[PDB]
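Enquirer: Need the 3D shape of this:
(2 chains, ligands or ions: 1)
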Amino acid sequence: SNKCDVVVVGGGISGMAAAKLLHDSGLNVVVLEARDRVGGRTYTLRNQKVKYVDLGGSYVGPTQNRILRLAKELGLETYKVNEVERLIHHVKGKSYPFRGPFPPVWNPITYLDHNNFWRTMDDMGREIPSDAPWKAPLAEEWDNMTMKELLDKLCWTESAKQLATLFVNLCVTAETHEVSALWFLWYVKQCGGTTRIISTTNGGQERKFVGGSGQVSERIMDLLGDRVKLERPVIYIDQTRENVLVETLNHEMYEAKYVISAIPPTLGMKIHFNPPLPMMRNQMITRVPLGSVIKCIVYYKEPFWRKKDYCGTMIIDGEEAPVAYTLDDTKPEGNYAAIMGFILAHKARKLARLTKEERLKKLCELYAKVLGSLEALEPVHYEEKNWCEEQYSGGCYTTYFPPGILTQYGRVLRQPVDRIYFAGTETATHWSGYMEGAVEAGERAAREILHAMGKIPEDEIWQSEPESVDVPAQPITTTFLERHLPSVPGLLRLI
Amino acid sequence: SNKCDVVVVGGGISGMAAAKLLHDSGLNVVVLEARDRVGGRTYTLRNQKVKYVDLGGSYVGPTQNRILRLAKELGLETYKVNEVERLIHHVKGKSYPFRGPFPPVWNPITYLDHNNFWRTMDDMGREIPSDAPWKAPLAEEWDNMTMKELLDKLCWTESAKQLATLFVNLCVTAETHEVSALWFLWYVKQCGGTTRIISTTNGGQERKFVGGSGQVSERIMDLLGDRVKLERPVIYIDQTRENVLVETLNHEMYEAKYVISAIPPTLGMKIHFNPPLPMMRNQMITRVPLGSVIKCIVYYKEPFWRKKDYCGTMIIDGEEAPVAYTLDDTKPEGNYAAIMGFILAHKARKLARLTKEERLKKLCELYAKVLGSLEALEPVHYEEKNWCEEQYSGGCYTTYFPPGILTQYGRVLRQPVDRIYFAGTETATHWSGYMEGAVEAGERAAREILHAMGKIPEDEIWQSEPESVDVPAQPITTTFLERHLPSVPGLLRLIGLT
Ligand SMILES: *[C]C1=C([C])[C]=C2C(=[C]1)N([C][C]([O])[C]([O])[C]([O])[C]OP([O])(=O)OP([O])(=O)O[C][C]1O[C](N3[C]=NC4=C3N=[C]N=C4[N])[C]([O])[C]1[O])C1=NC(=O)[N]C(=O)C1=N2C#C[C]N([C])[C]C1=[C][C]=C([C]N2N=NC3=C2N=[C]N=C3SC2=NC3=[C][C]=[C][C]=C3O2)[C]=[C]1
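Expert: Numbering: from 1, shown residues only, chains lettered A, B, ... in the order given. Okay, here it is:
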């Protein structure tokens, strides 16, 4: 067997961040990666037509200090996603340009309803501990309903219900009726709330990495060298002996003092355990699916939308549109002009039956309508990735919790199993679901092992992160009217 | 490599029924079983204190003609679960003895609400094709709500809502808020409806096998000899070459023309596939958990409850009760007196924290109260099994579908993947979730391979089953009043109009 201090299962950002921290502390680490590549739910494709493109995770922004610090240490830079010109909200077949993070509403009843919906998501979040959502005072009540039931209760207008539905679908690549309300409310709150999660400027979509996010995982593989084993899917972990035995599909055996599991929780199912997992983890890993998305990038000769004072952001209501949300994916140099869109949740499942060229025509005709431009019908290139097809991801962006699961099983996600510690973005407490959460979780799991070895004290397991100097956060603000305007039933109780 | 015609992955009833049919048809089969035993979600424990006891699937009944026929051919016999004396409904800390499959309701409004709840479950069921529930006219609407939401809409009384909650928990070892309404309505209708699924006499719980249900899988292993490979968990299936390659954890390689997957759908995740599964199956197998249950059998010197004119059936409402449902588990000879109970859904997770002795004490204290009998505090023996802990089951009794899954993914549950065909009870169209469904699915998968091989015509893939001559099925009937009494809102509409 190949002997080491710690085996890390999975070479995404979380496992690479964990392996780098342990390597830097002087331990002998091995990363066992199932694929022929690192990066996992990040994947940067290079070719002459695109230069580089993120086909998985891409965006970073203020308050994501860990991924920013790790990337800066690896020699990466960010650039700002284009938000200079107007955003578009496409409603009932017409484009309404706007500025600021939130699409405006003009009907007074619809305004109260929209204002109350976002506000209420944040008010509910204030009662949900980031590190223990199952401790919310109404945890059971909120876990036992879907987001569809909560939206049906809160939204008195169809307008608000449709945009809230889009918000859920875009944030978690899942239908409102698939997900727990408690989990979804946790998810938003642990990203800093509604404004922070939805915003480009001053939010999660503010920036991308120059040359692609795949460079984070690639550059840690560059540091670790032949400590990273590609095409080594882990099939078996045996904790019955002095040292932990980890076996791969290609028959190799690794012996370590400890293991970090840095794979999506459900993909623990692909490992046979000796002894069997404890009951709660055995069932948890069958209850935690990942969402469904196709990430699609259409390339053009020029970022022609900018000539019409559009930035390239589109928020597109309704069932017919294949893509509900786009961003400008043009390089910072103004070349490789492109629109990124996501095909979300059931539409990913529905439109996967088409060919690549059929999806390209649907997207170009949608963009031509919404941008009001025939230039959208003249793509020069197309790239796409359907993450539903990935054996070693299960989906994207992240794991969602159906009703009832977070309260019954959530405590088990990061609980160690003997000498296995659990990383992966799903185990983070800030920007779980993101590259930021991957770094937080990988470094925390690594420090749990340094503590088990008696190398650091308990109080160093969870470490704060200084704010990025390059990507400072500005405060989230509200107006007096946003805070105090009544809900629709509130306006009615006054009548 | 060990070469054969068909590798069956899984030696539960479904895989063993598939392997037997293929063996009988003259093919070379191998069964690769992860555990050191066959039977899977069936397990008959033998010791001197119990003689035998089913700790997994046990009950069979009228309309389950495939399991009855298979067991009869293997030399097995059934006996009737004791339902001679009165049943008990325990609610708000008091016991109400009754006769018939349904606890009686005296309050007229509550009676309308109860009658309408069961009626409406079956009315909705008749809209749902057994072989394609996603084709129901309102499939999307029904799949996008939980059973909790459906009970909140239909039940105008708390009495009906509490009994309906117990019914869901007991039928599918899951909470009402965990499961799709479409999937639950399908599950009940594909068992023959509410009456058939809930009944002991004339329903699913009528009978057990003499000597235990594990004998089905064990007697098929006897017929197959060394073709059953125990402690061979399958890790890898490669379909890139002319013959399918199946690898086991203990390093062995099997080469076959076709594979039957006879494991619970999500346990397909334990297999690495080359090439990768198609997208829809790749995601489906992460979306389909199994339920949570501890099966607990408390033994007594005598079946003392019968002397109080109680048969041993208890329907126990209330969060404090660890067990919501019991049956008499006394042997047909009248000895090894015992009460079987289920610890359901969240209670299986909550009470797993206790010791075996702590669970025994809580069960005896509950039974003493429900039966009004101090003798219940004097157990002579105890056996239990928490199926949530089983790596190679995932839970019991069966796979449930959370909201939104059955319409989006259900079509691929038994869709072949190249030369992999899908057995397992979850793929049945009649008594899916049961030993009966396991036989249906195993034999149907085996016949899909016989058809692929040109040995049988397409119309022989799905085969009807003659009715058992030993276990006659009485029809499910309703009264005029059951059919035509209004719902509570129906009554309020008639009041508004008057
Ligand atoms: C895929 C993906 C995609 C496609 C995308 C994305 C993503 C993804 N993401 C994620 C990431 O990527 C993740 O997290 C990470 O990566 C993870 O990591 P980890 O943990 O490490 O993991 P992985 O990678 O997986 O790894 C693992 C590994 O392992 C391995 N394996 C397995 N198994 C195994 C193995 N090995 C060995 N062995 C075995 N067995 C594998 O292979 C691997 O490698 C992301 N992230 C980040 O960060 N970023 C990004 O970008 C991302 N992405 C996405 C994102 C998205 N988003 C955020 C969302 C959104 C968007 C937008 C928005 C906006 N909005 N919304 N809504 C709205 C808006 N706007 C405006 N408006 C609206 S509405 C409204 N209205 C109103 C009014 C008034 C007021 C208010 C309002 O509102 C949002 C969101």
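
Enquirer: number of nearby residues for residue A:88?
Expert: The number of residues packed near residue A:88 is 25, by other CB atoms under 10 Å in any protein chain shown. All C-beta spots, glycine's among them, are computed from the backbone N, C-alpha and C.

Enquirer: isn't it right up against residue A:315?
Expert: Yes. Here residue A:88 reaches residue A:315: they are 6.9 Å apart, a contact under CB atoms under 8 Å.

Enquirer: what's the overlap in contacts for these two?
Expert: Counting by CB atoms under 8 Å, 6 or more residues apart in numbering or on different chains, residue A:88 and residue A:315 have no common neighbour.

Enquirer: Next up, the contacts around the residue nearest to residue A:82 when sequence neighbours are not counted.
Expert: The spatially closest residue to residue A:82, leaving aside those adjacent along the chain, is residue A:328, at 4.0 Å (CB to CB, 6 or more residues apart in numbering or on different chains). Contacts for residue A:328 (CB under 8 Å, 6+ apart) come out as A:81-83, A:303, A:305, A:311-313, A:338-340.

Enquirer: now swap in residue A:252 and tell me
Expert: Listed by CB under 8 Å, 6+ apart, the contact partners of residue A:252 are A:2, A:229, A:232.

Enquirer: Surely the second one touches residue A:34?
Expert: No. Residue A:229 sits out of contact with residue A:34 when judged by CB under 8 Å, with a separation of 10.0 Å.

Enquirer: ok, the two, which is more surrounded?
Expert: residue A:34 (23 against 17).

Enquirer: Mind telling me what element the more buried one is part of?
Expert: Taking DSSP states H and E as the definition, residue A:34 sits outside all helices and strands.

Enquirer: wait, isn't it in contact with residue A:232?
Expert: Yes. Residue A:34 is within contact range of residue A:232, at 6.9 Å (criterion: CB under 8 Å).

Enquirer: Can you classify residue A:326 by secondary structure?
Expert: strand (DSSP: H, G, I helix; E, B strand; the rest coil).

Enquirer: Next to the ligand, which bits of the stretch 201-350 of chain A? Give me the list.
Expert: With CB under 6 Å from any ligand atom as the criterion, the stretch 201-350 of chain A meets the ligand at residues A:204-205, A:233-234, A:262-264, A:267, A:270-271, A:293, A:295, A:315, A:325.

Enquirer: Considering those residues, which possesses the most neighbours?
Expert: residue A:262 (32 neighbours).

Enquirer: Which helix or which strand is home to the nearest residue to that residue once chain neighbours are set aside?
Expert: Leaving out its chain neighbours, the residue that sits closest to residue A:262 by CB to CB, 6+ apart is residue A:15, at 3.1 Å. If you go by DSSP H and E, residue A:15 is part of helix A:13-24.

Enquirer: one step back: mark which of the contacts of residue A:252 are part of strands, please.
Expert: Cross-referencing those against strands under DSSP state E gives A:2, A:229.

Enquirer: which parts of whichever helix or strand comes after the helix holding residue A:15 are buried?
Expert: As assigned by DSSP H and E, the chain's next helix or strand after helix A:13-24 is strand A:29-32. Across strand A:29-32, burial judged by 16 or more other CB atoms under 10 Å in any protein chain shown covers A:29-32.
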